[PDB]
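To start, the structure under review is shown below, and the notes come after it.
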Amino acid sequence: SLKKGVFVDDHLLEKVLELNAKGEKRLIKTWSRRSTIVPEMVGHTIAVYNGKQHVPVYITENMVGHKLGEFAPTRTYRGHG
Amino acid sequence: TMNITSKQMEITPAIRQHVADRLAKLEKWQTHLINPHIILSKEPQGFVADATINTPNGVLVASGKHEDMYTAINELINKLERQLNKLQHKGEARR
Amino acid sequence: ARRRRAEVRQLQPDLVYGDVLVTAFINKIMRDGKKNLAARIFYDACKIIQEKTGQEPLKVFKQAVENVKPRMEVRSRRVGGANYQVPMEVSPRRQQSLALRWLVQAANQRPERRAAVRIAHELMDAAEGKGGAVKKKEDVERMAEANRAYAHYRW
Amino acid sequence: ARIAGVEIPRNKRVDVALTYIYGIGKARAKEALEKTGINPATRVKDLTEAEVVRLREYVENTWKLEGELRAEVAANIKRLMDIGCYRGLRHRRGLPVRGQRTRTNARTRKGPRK
Amino acid sequence: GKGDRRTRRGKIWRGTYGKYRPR
Amino acid sequence: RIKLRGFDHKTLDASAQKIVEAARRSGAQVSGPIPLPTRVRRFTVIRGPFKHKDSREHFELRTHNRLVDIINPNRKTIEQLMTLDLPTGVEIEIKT
Amino acid sequence: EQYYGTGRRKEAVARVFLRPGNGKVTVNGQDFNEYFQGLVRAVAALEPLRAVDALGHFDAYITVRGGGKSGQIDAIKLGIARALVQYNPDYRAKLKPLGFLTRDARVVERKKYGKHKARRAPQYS
Amino acid sequence: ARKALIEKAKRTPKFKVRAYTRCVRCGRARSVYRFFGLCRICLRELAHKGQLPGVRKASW
RNA sequence: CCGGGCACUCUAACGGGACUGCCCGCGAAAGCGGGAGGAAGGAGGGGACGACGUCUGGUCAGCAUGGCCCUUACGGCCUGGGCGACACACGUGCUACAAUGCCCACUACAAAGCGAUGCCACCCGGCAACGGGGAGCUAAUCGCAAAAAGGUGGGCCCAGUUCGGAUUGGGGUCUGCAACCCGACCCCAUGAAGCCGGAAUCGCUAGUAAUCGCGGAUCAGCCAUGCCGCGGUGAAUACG
Ligand SMILES: [Mg+2]
Ligand SMILES: [Mg+2]
Ligand SMILES: [Mg+2]
Ligand SMILES: [Mg+2]
Ligand SMILES: [Mg+2]
Ligand SMILES: [Mg+2]
Ligand SMILES: [Mg+2]
Ligand SMILES: [Mg+2]
Ligand SMILES: [Mg+2]
Ligand SMILES: [Mg+2]
Ligand SMILES: [Mg+2]
Ligand SMILES: [Mg+2]
Ligand SMILES: [Mg+2]
Ligand SMILES: [Mg+2]
Ligand SMILES: [Mg+2]
Ligand SMILES: [Mg+2]
Ligand SMILES: [Mg+2]
Ligand SMILES: [Mg+2]
Ligand SMILES: [Mg+2]
Ligand SMILES: [Mg+2]
Ligand SMILES: [Mg+2]
Ligand SMILES: [Mg+2]
Ligand SMILES: [Mg+2]
Ligand SMILES: [Mg+2]
Ligand SMILES: [Mg+2]
Ligand SMILES: [Mg+2]
Ligand SMILES: [Mg+2]
Ligand SMILES: [Mg+2]
Ligand SMILES: [Mg+2]
Ligand SMILES: [Zn+2]
């Protein structure tokens, strides 16, 4: 899915290619689950919204083509019974 | 199996198994009770309990109505029992 | 059929032997409206009915039909507290219908891989008095008989 | 064994017989009977092991394959169950993946019911 | 068959074209 | 060729005879009204405001076309037809 | 030279030309045998010709459009039947009681709302 | 969230995906017809009233 | 295809024809049986239409409307999540368990519809989805279009299989601002359950059921196997 273009919001895109430039920090809060994890993100802690909470995800080169939402899941399940 | 629908009401696991228990009375007749369905419902006068059940010899349908929910349910089973004894004994007039 | 009597349709005779009994049969072979299919089967079988046991496939067919039609059958009434299987004669209408039906039905239970062969063979044997169909006939007929004494509850 | 990732398929046609290997479908099958010019209708039984050794050698060296694949494959799940992943966290629960409803059905992924 | 994407009858039901039911 | 459109076919066919048989006197050779296949728009709608999906009434919209040809124009058939008796809706077409 | 009749069964129209000859028949530009191969109902709508004991008397030029092969046949039926009765209309007798003319009015029924296939209703409790 | 809704479908916002037919009479999003500008209910009322040009009970 | 023609087929507007009117038979009559002619007879088939009322049926969430309730909040905008959660239980349906079948390749015969920031001929790249170019059409005059089952002849040979296509791995396409949750399609690999189904239970009386494909609304796309239509092939049986 998604053929030619590589989709990152150009809102958190900006934020990552700044923090990397001067003295790289952490704690970037975002509500964009739609954003690809682009190799410039590799390592960081980004706070991703599942809709009631901003869930932090350490980035690793393990996961790149994915979306930032996949790692902050929307449902609290735990079981039945 | 047995399904219960609490319609426009907040019901509970405890009262659900109570209605499962009251319906158990029809097990007396030793005849298959097929996918029974009770519906509990409020009303300004009082509660309402409906049930519709099919058995090898026919189907049972009935409404209980009453102030107390529990006496409505009892009323429902009371009406159902009758219908069930009738499906079970009806042609015995076999002379 | 509350009201009057229910018409029995007549049937277009067939374009090979010009005989109604064949189309009824082909009708009974038919499945999901595919009639062309239902035809070749009967005729292919008719190839085979001549090929092996050289004869007149019409003859063989029309023979094994008379070898199937049940003369007497049970139809069960409730009297008092028991359901009696009751002896009654089958109408020529019903015998045809029961003839063709068991024929096919028993045909399709044969072990032969190709349908027309199954049709071929079942008919050849029924002509001779052997087979699933014929049994069902003799069977139905012994189940009548033995009930001869319920022949008074007869409509 | 016989051939390829060590299945053995005698007595039926070769385009089919090859399917009986992991990784080889009706698609990959028709390929290699072209590239080796072995004639797909010939049943394995009449091979000329010459053809067979040719058949083995291409298929064996070209893609991957019995016991591989499913090793390599499973490794992705062990990856995807490792990373985040959601669709990862769903293999971890033996639950369906591709967005099907879980309220009903879903029995292939859940097994018979109780 | 009608459910099997890899076949003619497959694609017909599904209303699409591909290698197995081409245009 | 003059094409006629519009919904009521009674209104239309009245003014297919008007226009055609007008230019019969004032022109020639007036190739008669030719009915085109009518384009139907069906609307099936659920009868009630609420559930009840098995009760519905069908509503259609009948838009029918007529073509009429006048062989030799005879300009001033381009006047006697440069107005005419309408009626209240219909679609006139003219081209060569 | 010629003899005409118009056949129809179920959204199908046959134009039949009874022009006299060997008995060759052409349907949409090829012999009966090429256009209906297989189908056994094809043996035929030619039945009207065998009805008045003429077999080869006439050839037939036939166009047929609409419906599908069987429907097309039954149209040819009232075709060669309507054409032949025109030729010598002492021909109604033995064609008519043999039920040859008289096109069957049996057609597909409208699908109705709330039902599925126009009669088959959906399942309930 | 209701009458504000009918207003929100009027001026056409950020993306064109967000376009959805509402209807002119009732603010109904569901079962709006493009050709009429109407819901299936509103459509019915008007048709029956005779206010829809050349629109008639079908019947074949 | 041109000339030429409206005979055809058709198209779509207006008429005709069926009346138990005619014969026999019965009846007190109404009317029933049978016959003739007729494309059609006994209401020719299907539709639209559905009494006074019933269910204190249904809908305040389509709309309206009395009354009660909330007024930096029970109002209003937004990003995101959810409405798709899954131990389970029921209802409607799809595809199947195969040889009257499955697959390939060639070859036929519809109807109703729908198309301008739409329907895309045809040419080319691509296994393909698709992507390039690019003609026609305000559309009986262009396009969606292929209808499908069927027909032909070839493979399969009873195998959980060349039955069935679930599930999953990986690679792509398109819509869209965006396909984590959550789209559809295409290709490769994977080929689950399922060998015809307990108690129980549904539909259909003829161009009907069964079976086969096609269109449309809504719609960017689409979770449509749904719904509303459309033709193709075409049965069984009704003593009662
Ligand atoms: Mg491979
Ligand atoms: Mg899904
Ligand atoms: Mg398959
Ligand atoms: Mg099928
Ligand atoms: Mg149909
Ligand atoms: Mg209808
Ligand atoms: Mg429904
Ligand atoms: Mg219902
Ligand atoms: Mg939208
Ligand atoms: Mg004329
Ligand atoms: Mg009336
Ligand atoms: Mg009430
Ligand atoms: Mg309101
Ligand atoms: Mg919002
Ligand atoms: Mg929902
Ligand atoms: Mg179940
Ligand atoms: Mg379904
Ligand atoms: Mg044109
Ligand atoms: Mg298996
Ligand atoms: Mg298989
Ligand atoms: Mg899949
Ligand atoms: Mg994948
Ligand atoms: Mg198994
Ligand atoms: Mg088997
Ligand atoms: Mg069954
Ligand atoms: Mg079956
Ligand atoms: Mg009826
Ligand atoms: Mg759509
Ligand atoms: Mg569809
Ligand atoms: Zn509205």
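If you're wondering about the labels, chains in the structure tokens are A, B, ... by order shown, residues count from 1 in each chain, ligands from 1 in order shown.
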How would you write, as a ChimeraX atom specification, the set of residues in chain B that DSSP gives as strand (DSSP E)?
/B:3-7,34-41,47-55,58-66
Please extract the residues at most 12 Å from ligand 15, counting only C-alpha atoms (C1' of nucleotides) and all ligand atoms, and provide them as a PDB file with C-alpha atoms (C1' of nucleotides), in the first residue's frame, using the chain letters and residue numbers of this document.
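Below you can see selection-v1.pdb, which holds the result:
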```pdb
ATOM      1  CA  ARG D 101     -13.868  -9.000  12.764  1.00  0.00           C
TER       2      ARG D 101
ATOM      3  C1'   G I  82     -13.717   4.575  19.015  1.00  0.00           C
ATOM      4  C1'   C I  83     -18.543   2.846  16.271  1.00  0.00           C
ATOM      5  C1'   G I  84     -14.406  -3.048  13.218  1.00  0.00           C
TER       6        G I  84
END
```
For ligand 9, collect every residue having any atom at a distance of at most 8 Å from a ligand atom (counting only C-alpha atoms (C1' of nucleotides) and all ligand atoms); output as a PDB file with N, CA and C atoms (P, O5', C5', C4', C3', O3' and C1' of nucleotides), in the first residue's frame.
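Written output follows (part-v5.pdb):
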```pdb
ATOM      1  N   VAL H  17     -11.928  15.245   0.369  1.00  0.00           N
ATOM      2  CA  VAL H  17     -12.464  13.984   0.887  1.00  0.00           C
ATOM      3  C   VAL H  17     -13.679  14.250   1.794  1.00  0.00           C
ATOM      4  N   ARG H  18     -13.553  15.272   2.640  1.00  0.00           N
ATOM      5  CA  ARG H  18     -14.556  15.575   3.656  1.00  0.00           C
ATOM      6  C   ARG H  18     -15.912  15.996   3.095  1.00  0.00           C
ATOM      7  N   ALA H  19     -16.011  16.082   1.773  1.00  0.00           N
ATOM      8  CA  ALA H  19     -17.308  16.293   1.131  1.00  0.00           C
ATOM      9  C   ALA H  19     -18.301  15.159   1.389  1.00  0.00           C
ATOM     10  N   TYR H  20     -19.449  15.524   1.953  1.00  0.00           N
ATOM     11  CA  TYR H  20     -20.573  14.590   2.079  1.00  0.00           C
ATOM     12  C   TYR H  20     -21.904  15.242   1.761  1.00  0.00           C
TER      13      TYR H  20
ATOM     14  P     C I 219     -23.637   9.733  -1.673  1.00  0.00           P
ATOM     15  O5'   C I 219     -22.454   8.677  -1.664  1.00  0.00           O
ATOM     16  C5'   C I 219     -21.100   9.091  -1.667  1.00  0.00           C
ATOM     17  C4'   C I 219     -20.213   7.995  -2.185  1.00  0.00           C
ATOM     18  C3'   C I 219     -19.226   8.397  -3.271  1.00  0.00           C
ATOM     19  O3'   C I 219     -18.032   8.936  -2.738  1.00  0.00           O
ATOM     20  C1'   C I 219     -20.345   6.386  -3.871  1.00  0.00           C
ATOM     21  P     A I 220     -17.746  10.502  -2.866  1.00  0.00           P
ATOM     22  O5'   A I 220     -16.388  10.533  -3.665  1.00  0.00           O
ATOM     23  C5'   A I 220     -16.293   9.931  -4.929  1.00  0.00           C
ATOM     24  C4'   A I 220     -14.877   9.621  -5.225  1.00  0.00           C
ATOM     25  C3'   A I 220     -14.507   8.157  -5.142  1.00  0.00           C
ATOM     26  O3'   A I 220     -14.661   7.513  -6.393  1.00  0.00           O
ATOM     27  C1'   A I 220     -13.040   9.443  -3.796  1.00  0.00           C
TER      28        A I 220
END
```
Within 8 Å of ligand 23, counting only C-alpha atoms (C1' of nucleotides) and all ligand atoms, residues as a PyMOL selection string:
chain I and resi 160+193-194
Return as a ChimeraX atom specification the residues belonging to chain I that are within 6 Å of chain A, counting only C-alpha atoms (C1' of nucleotides).
/I:80-81,87,180
Using only C-alpha atoms (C1' of nucleotides), which protein or nucleic acid residues come within 10 Å of residue 39 in chain D? Drop anything in the same chain fewer than 5 positions from it, and give the result as a PDB file with N, CA, C and O atoms, in the first residue's frame.
```pdb
ATOM      1  N   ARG D  13       1.542 -36.350 -12.710  1.00  0.00           N
ATOM      2  CA  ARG D  13       2.275 -35.427 -13.603  1.00  0.00           C
ATOM      3  C   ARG D  13       3.227 -34.440 -12.855  1.00  0.00           C
ATOM      4  O   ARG D  13       2.981 -34.112 -11.675  1.00  0.00           O
ATOM      5  N   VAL D  14       4.289 -33.977 -13.544  1.00  0.00           N
ATOM      6  CA  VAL D  14       5.381 -33.185 -12.924  1.00  0.00           C
ATOM      7  C   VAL D  14       5.035 -31.745 -12.512  1.00  0.00           C
ATOM      8  O   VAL D  14       5.542 -31.249 -11.506  1.00  0.00           O
ATOM      9  N   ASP D  15       4.205 -31.065 -13.296  1.00  0.00           N
ATOM     10  CA  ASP D  15       3.780 -29.720 -12.929  1.00  0.00           C
ATOM     11  C   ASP D  15       3.051 -29.727 -11.572  1.00  0.00           C
ATOM     12  O   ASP D  15       3.228 -28.831 -10.744  1.00  0.00           O
ATOM     13  N   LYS D  30       5.368 -24.386 -13.288  1.00  0.00           N
ATOM     14  CA  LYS D  30       5.387 -24.274 -14.748  1.00  0.00           C
ATOM     15  C   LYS D  30       6.650 -23.584 -15.232  1.00  0.00           C
ATOM     16  O   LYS D  30       7.116 -23.862 -16.340  1.00  0.00           O
ATOM     17  N   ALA D  32       9.963 -23.764 -14.061  1.00  0.00           N
ATOM     18  CA  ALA D  32      11.147 -24.625 -14.175  1.00  0.00           C
ATOM     19  C   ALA D  32      11.040 -25.792 -15.171  1.00  0.00           C
ATOM     20  O   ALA D  32      12.055 -26.362 -15.583  1.00  0.00           O
ATOM     21  N   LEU D  33       9.829 -26.157 -15.571  1.00  0.00           N
ATOM     22  CA  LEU D  33       9.695 -27.174 -16.605  1.00  0.00           C
ATOM     23  C   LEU D  33       9.884 -26.533 -17.971  1.00  0.00           C
ATOM     24  O   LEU D  33      10.068 -27.221 -18.974  1.00  0.00           O
ATOM     25  N   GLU D  34       9.821 -25.204 -17.993  1.00  0.00           N
ATOM     26  CA  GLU D  34      10.186 -24.419 -19.173  1.00  0.00           C
ATOM     27  C   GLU D  34      11.699 -24.246 -19.226  1.00  0.00           C
ATOM     28  O   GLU D  34      12.339 -24.678 -20.189  1.00  0.00           O
ATOM     29  N   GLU D  51      17.117 -35.715 -16.523  1.00  0.00           N
ATOM     30  CA  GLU D  51      16.063 -34.687 -16.330  1.00  0.00           C
ATOM     31  C   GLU D  51      15.819 -34.349 -14.867  1.00  0.00           C
ATOM     32  O   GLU D  51      15.805 -33.176 -14.463  1.00  0.00           O
TER      33      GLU D  51
END
```
Residues at most 8 Å from range 100-115 of chain G, counting only C-alpha atoms (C1' of nucleotides), excluding those fewer than 2 positions away in the same chain, as a ChimeraX atom specification?
/F:53-56 /G:7-10,48,75,77-78,81-82,95-98,117-122 /I:39,45-46,207,228-229
Contacts of range 52-67 of chain C at 7 Å or less, counting only C-alpha atoms (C1' of nucleotides), minus same-chain residues fewer than 6 places along, as an MDAnalysis selection string?
chainID C and resid 46 99 123:124 126:127 129 134
Name the residues in contact with range 107-109 of chain D at a cut-off of 12 Å, using only C-alpha atoms (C1' of nucleotides), excluding same-chain residues fewer than 3 positions from it; report them as a PyMOL selection string.
(chain D and resi 90-98+100-104+112-114) or (chain I and resi 86+166-168+192-193)
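Atom pair CA of residue 14 in chain A / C1' of residue 181 in chain I: separated by 24.7 Å.
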At a cut-off of 10 Å and counting only C-alpha atoms (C1' of nucleotides) and all ligand atoms, what residues surround ligand 16? Please answer as JSON, numbers by chain.
{"B": [1], "D": [104, 105], "I": [89, 90]}
With only C-alpha atoms (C1' of nucleotides) as the counted atoms, please give the residues lying no more than 12 Å from residue 11 in chain E, apart from itself and same-chain residues fewer than 4 positions off, as a ChimeraX atom specification.
/E:1-7,15-23 /I:146,185-186
Residues up to 12 Å from ligand 11, counting only C-alpha atoms (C1' of nucleotides) and all ligand atoms: could you list those as a PyMOL selection string?
chain I and resi 47-51
Length of the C1' of residue 105 in chain I to CA of residue 116 in chain C vector [Å]:
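Rounded to one decimal, the two atoms are 26.1 Å apart.
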Please identify the residues whose atoms come within 12 Å of ligand 25, using only C-alpha atoms (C1' of nucleotides) and all ligand atoms, and report them as an NGL selection string.
:I and (97 or 196-197)
Around ligand 13, which protein and nucleic acid residues have at least one atom no more than 8 Å from it, if we count only C-alpha atoms (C1' of nucleotides) and all ligand atoms? List them as a ChimeraX atom specification.
/I:60-61,63-65
Residues of the last selection are to be written out with N, CA, C and O atoms (P, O5', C5', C4', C3', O3' and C1' of nucleotides), as a PDB file, in the first residue's frame.
```
ATOM      1  P     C I  60     -36.874   7.979  18.260  1.00  0.00           P
ATOM      2  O5'   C I  60     -36.889   9.558  18.041  1.00  0.00           O
ATOM      3  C5'   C I  60     -38.107  10.239  17.768  1.00  0.00           C
ATOM      4  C4'   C I  60     -37.987  11.725  17.980  1.00  0.00           C
ATOM      5  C3'   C I  60     -36.951  12.170  19.015  1.00  0.00           C
ATOM      6  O3'   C I  60     -36.426  13.442  18.633  1.00  0.00           O
ATOM      7  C1'   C I  60     -39.073  12.924  19.663  1.00  0.00           C
ATOM      8  P     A I  61     -34.842  13.720  18.626  1.00  0.00           P
ATOM      9  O5'   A I  61     -34.330  12.689  17.548  1.00  0.00           O
ATOM     10  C5'   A I  61     -34.877  12.674  16.247  1.00  0.00           C
ATOM     11  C4'   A I  61     -34.304  11.543  15.451  1.00  0.00           C
ATOM     12  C3'   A I  61     -34.868  10.166  15.801  1.00  0.00           C
ATOM     13  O3'   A I  61     -35.533   9.521  14.666  1.00  0.00           O
ATOM     14  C1'   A I  61     -32.462  10.154  15.833  1.00  0.00           C
ATOM     15  P     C I  63     -34.456  15.324  12.601  1.00  0.00           P
ATOM     16  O5'   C I  63     -35.266  16.542  11.938  1.00  0.00           O
ATOM     17  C5'   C I  63     -35.342  16.714  10.526  1.00  0.00           C
ATOM     18  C4'   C I  63     -36.690  17.259  10.079  1.00  0.00           C
ATOM     19  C3'   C I  63     -37.560  17.891  11.155  1.00  0.00           C
ATOM     20  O3'   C I  63     -37.195  19.218  11.477  1.00  0.00           O
ATOM     21  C1'   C I  63     -38.868  16.399   9.882  1.00  0.00           C
ATOM     22  P     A I  64     -37.265  19.727  13.005  1.00  0.00           P
ATOM     23  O5'   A I  64     -38.778  20.188  13.143  1.00  0.00           O
ATOM     24  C5'   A I  64     -39.468  20.728  12.032  1.00  0.00           C
ATOM     25  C4'   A I  64     -40.931  20.435  12.119  1.00  0.00           C
ATOM     26  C3'   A I  64     -41.590  20.795  13.437  1.00  0.00           C
ATOM     27  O3'   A I  64     -41.943  22.158  13.494  1.00  0.00           O
ATOM     28  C1'   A I  64     -42.303  18.643  12.713  1.00  0.00           C
ATOM     29  P     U I  65     -41.651  23.020  14.805  1.00  0.00           P
ATOM     30  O5'   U I  65     -42.579  22.319  15.894  1.00  0.00           O
ATOM     31  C5'   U I  65     -43.990  22.483  15.868  1.00  0.00           C
ATOM     32  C4'   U I  65     -44.675  21.655  16.932  1.00  0.00           C
ATOM     33  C3'   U I  65     -44.088  21.714  18.335  1.00  0.00           C
ATOM     34  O3'   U I  65     -44.429  22.900  19.039  1.00  0.00           O
ATOM     35  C1'   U I  65     -44.542  19.470  17.771  1.00  0.00           C
TER      36        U I  65
END
```
Can I get the residues close to ligand 10 as a PyMOL selection string, where close means within 10 Å and we count only C-alpha atoms (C1' of nucleotides) and all ligand atoms?
chain I and resi 6-8
Any idea which chain F residues end up within 9 Å of chain H if we count only C-alpha atoms, as a list in words please?
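So the residues of chain F near chain H are residues 6, 7, 8, 42, 43, 44, 45, 46, 47, 48, 49, 57, 58, 59, 60, 61, 62 and 63 of chain F.
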Can I get the selection written as an mmCIF file, in the first residue's frame, with N, CA and C atoms?
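What follows is the written file part04.cif:
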```
data_model
loop_
_atom_site.group_PDB
_atom_site.id
_atom_site.type_symbol
_atom_site.label_atom_id
_atom_site.label_comp_id
_atom_site.auth_asym_id
_atom_site.auth_seq_id
_atom_site.Cartn_x
_atom_site.Cartn_y
_atom_site.Cartn_z
ATOM 1 N N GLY F 6 -37.958 16.272 -22.761
ATOM 2 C CA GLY F 6 -39.010 16.593 -21.809
ATOM 3 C C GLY F 6 -39.770 15.382 -21.292
ATOM 4 N N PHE F 7 -40.559 15.602 -20.237
ATOM 5 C CA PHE F 7 -41.117 14.496 -19.448
ATOM 6 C C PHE F 7 -42.508 14.020 -19.874
ATOM 7 N N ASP F 8 -43.518 14.871 -19.734
ATOM 8 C CA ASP F 8 -44.837 14.493 -20.219
ATOM 9 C C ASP F 8 -44.706 14.230 -21.725
ATOM 10 N N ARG F 42 -35.123 5.299 -12.332
ATOM 11 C CA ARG F 42 -35.938 4.705 -11.258
ATOM 12 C C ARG F 42 -35.399 5.165 -9.940
ATOM 13 N N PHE F 43 -36.293 5.389 -8.992
ATOM 14 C CA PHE F 43 -35.872 5.560 -7.612
ATOM 15 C C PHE F 43 -36.688 4.607 -6.746
ATOM 16 N N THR F 44 -36.004 3.682 -6.071
ATOM 17 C CA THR F 44 -36.658 2.843 -5.080
ATOM 18 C C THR F 44 -36.307 3.326 -3.681
ATOM 19 N N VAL F 45 -37.338 3.513 -2.881
ATOM 20 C CA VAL F 45 -37.212 4.205 -1.634
ATOM 21 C C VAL F 45 -37.958 3.398 -0.561
ATOM 22 N N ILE F 46 -37.444 3.429 0.664
ATOM 23 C CA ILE F 46 -38.006 2.673 1.790
ATOM 24 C C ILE F 46 -39.193 3.454 2.337
ATOM 25 N N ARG F 47 -40.390 2.874 2.261
ATOM 26 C CA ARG F 47 -41.653 3.606 2.481
ATOM 27 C C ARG F 47 -41.750 4.453 3.745
ATOM 28 N N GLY F 48 -41.187 3.924 4.828
ATOM 29 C CA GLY F 48 -41.334 4.528 6.133
ATOM 30 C C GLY F 48 -40.131 5.343 6.517
ATOM 31 N N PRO F 49 -40.283 6.158 7.564
ATOM 32 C CA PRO F 49 -39.199 6.962 8.141
ATOM 33 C C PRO F 49 -38.172 6.104 8.918
ATOM 34 N N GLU F 57 -41.852 1.867 -2.180
ATOM 35 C CA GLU F 57 -42.494 2.156 -3.458
ATOM 36 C C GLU F 57 -41.491 2.682 -4.497
ATOM 37 N N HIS F 58 -41.644 2.213 -5.732
ATOM 38 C CA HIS F 58 -40.806 2.656 -6.830
ATOM 39 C C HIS F 58 -41.312 3.965 -7.424
ATOM 40 N N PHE F 59 -40.360 4.810 -7.771
ATOM 41 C CA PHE F 59 -40.638 6.067 -8.404
ATOM 42 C C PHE F 59 -39.750 6.134 -9.622
ATOM 43 N N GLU F 60 -40.352 6.327 -10.796
ATOM 44 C CA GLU F 60 -39.523 6.628 -11.961
ATOM 45 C C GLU F 60 -39.718 8.040 -12.566
ATOM 46 N N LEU F 61 -38.832 8.352 -13.512
ATOM 47 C CA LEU F 61 -38.740 9.646 -14.185
ATOM 48 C C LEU F 61 -38.583 9.378 -15.676
ATOM 49 N N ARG F 62 -39.610 9.711 -16.448
ATOM 50 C CA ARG F 62 -39.610 9.359 -17.870
ATOM 51 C C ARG F 62 -39.182 10.556 -18.749
ATOM 52 N N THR F 63 -37.984 10.436 -19.311
ATOM 53 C CA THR F 63 -37.469 11.459 -20.198
ATOM 54 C C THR F 63 -37.322 10.863 -21.603
#
```
Kindly work out which residues sit at most 10 Å from ligand 27, using only C-alpha atoms (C1' of nucleotides) and all ligand atoms, and give the list as a PyMOL selection string.
(chain G and resi 119) or (chain I and resi 204-205+208)
Could you pull out the alpha helix (DSSP H) residues of chain E, going by DSSP on the backbone, and write them as an mmCIF file with N, CA and C atoms, in the first residue's frame?
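So result_0.cif came out as:
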```cif
data_model
loop_
_atom_site.group_PDB
_atom_site.id
_atom_site.type_symbol
_atom_site.label_atom_id
_atom_site.label_comp_id
_atom_site.auth_asym_id
_atom_site.auth_seq_id
_atom_site.Cartn_x
_atom_site.Cartn_y
_atom_site.Cartn_z
ATOM 1 N N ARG E 8 -10.277 -18.229 -13.281
ATOM 2 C CA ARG E 8 -11.160 -17.476 -14.154
ATOM 3 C C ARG E 8 -12.436 -17.180 -13.399
ATOM 4 N N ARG E 9 -13.178 -18.258 -13.138
ATOM 5 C CA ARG E 9 -14.434 -18.201 -12.399
ATOM 6 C C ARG E 9 -14.238 -17.410 -11.104
ATOM 7 N N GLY E 10 -13.057 -17.554 -10.506
ATOM 8 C CA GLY E 10 -12.670 -16.745 -9.366
ATOM 9 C C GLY E 10 -12.804 -15.259 -9.635
ATOM 10 N N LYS E 11 -12.178 -14.785 -10.704
ATOM 11 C CA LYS E 11 -12.125 -13.349 -10.970
ATOM 12 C C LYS E 11 -13.479 -12.819 -11.442
ATOM 13 N N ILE E 12 -14.211 -13.671 -12.141
ATOM 14 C CA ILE E 12 -15.523 -13.313 -12.666
ATOM 15 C C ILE E 12 -16.499 -12.902 -11.557
ATOM 16 N N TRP E 13 -16.576 -13.743 -10.536
ATOM 17 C CA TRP E 13 -17.359 -13.496 -9.339
ATOM 18 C C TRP E 13 -16.848 -12.198 -8.705
ATOM 19 N N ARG E 14 -15.529 -12.060 -8.642
ATOM 20 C CA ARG E 14 -14.898 -10.949 -7.940
ATOM 21 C C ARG E 14 -14.940 -9.688 -8.781
#
```
